[PDB]
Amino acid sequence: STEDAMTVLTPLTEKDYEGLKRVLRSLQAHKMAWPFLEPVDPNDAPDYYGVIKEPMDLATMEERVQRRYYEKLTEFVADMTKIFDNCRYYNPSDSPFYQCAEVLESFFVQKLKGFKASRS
């Protein structure tokens, strides 16, 4: 689709970056975002950093947005998806963190679709 191709191939503009900031702030404000606002502390999760190959959190993404790290929407989506995939990989499905990942990713998907639509 056009949105698929734009996501992979069209460099993020300054207008795109304002949209990414809005998406990120929406995630940070969500009631279920608190487990993901800052990196996992090793004291909450034995072996976390040996198990999880590419840790990610919303504060690291915020730093990257502010530094204009992302060149393509795909890269921003990849970092956000690491947050949820890492959480579901490390934790059992009855963990409250796993539950938060399910809800927050669903919200992200809604906001992401809105952002993609706005790029045209």
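The first residue of the sequence shown is number 1, and the count goes up from there. Take the two forms, find the largest set of C-alpha atoms that superpose within 1.5 Å, and that set is the rigid core.
Structural divergence in 9 other deposited structures of this protein between 82-90 and 39-47: following superposition by the core, 39-47 has C-alpha atoms lying farther from the shown form. Checked against the record, the higher mean CA B factor of 23-31 and 43-51 lies with 43-51. Per-stretch averaging of Cα B factors for 81-89 and 65-73 places 65-73 on top. Ranked within its chain, residue 109 lands in the lowest third, by CA B factor from the PDB record.
For residue 101, the recorded CA B-factor ranks within the lowest third of the chain. Only modelled residues enter the ranking.
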